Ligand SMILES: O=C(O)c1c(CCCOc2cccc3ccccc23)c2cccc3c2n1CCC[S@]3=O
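Listed next as structure tokens is one chain, alone, in the form deposited without this ligand.
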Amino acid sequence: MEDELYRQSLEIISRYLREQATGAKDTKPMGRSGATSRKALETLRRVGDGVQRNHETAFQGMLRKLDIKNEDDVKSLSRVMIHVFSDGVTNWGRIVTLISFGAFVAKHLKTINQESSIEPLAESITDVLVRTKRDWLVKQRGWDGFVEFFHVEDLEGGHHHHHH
């Protein structure tokens, strides 16, 4: 029921959530795009951790009244995930914030034994991503554009904001 682009992104996000949940690094290969998914994953984990550090005090504020006890709560998280992009602006950092918050909830899920909820949660992250940022993903090469924007394997700058 997915797209090729959906499966690749789903795999990347799925791994990061499982790694954060298990408190360790995973062993699986990267989905579809060997290099793109690799560079995307390592960038996601390094910057996502930082986002969690500064945002943790904020996320816990909602997480306490959320507490996912079944997939239906994840379906509710989807509504929040949509609002995470409702800023109107671009900011690839929000893409990171989406996946980072997903991992932040995922680690809580494994803590409460709800690991089965983590995977459909990762699908929810990818679902909203592909639902609203579909065109941006392919047009700006999403993951390839993500790594240059945050300047990991980049040597130019990535930043080139133009409004019209």
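Residues carry their position along the shown sequence, with the first being 1.
Keep in mind the form solved in complex with this ligand is missing from the figure; the text below concerns it.
Item checked: Open or blocked: site for this ligand, pose in the deposited bound form superimposed, 2.4 Å backbone/C-beta cut-off, 3-atom minimum -> Blocked, per the superposed partner pose.
Check: So which of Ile112, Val138, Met62, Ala35 gets a non-hydrogen atom within 4.5 Å of this ligand in the deposited bound form?
Finding: The residue in contact is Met62.
Item checked: Heavy atom of each of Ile12, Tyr16 and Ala40 within 4.5 Å of this ligand in the deposited bound form -> No: none of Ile12, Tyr16 and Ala40 comes within 4.5 Å of this ligand in the deposited bound form.
Check: Taking 4.5 angstroms as the cut-off for heavy atoms, does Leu44 touch this ligand in the deposited bound form?
Finding: Heavy-atom contact with this ligand at 4.5 Å: absent for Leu44.
Next item on the list: Mark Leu66 yes when one of its heavy atoms lies within 4.5 Å of a heavy atom of this ligand in the deposited bound form, and no otherwise.
Entry: Contact check for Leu66: yes, within 4.5 Å of this ligand in the deposited bound form.
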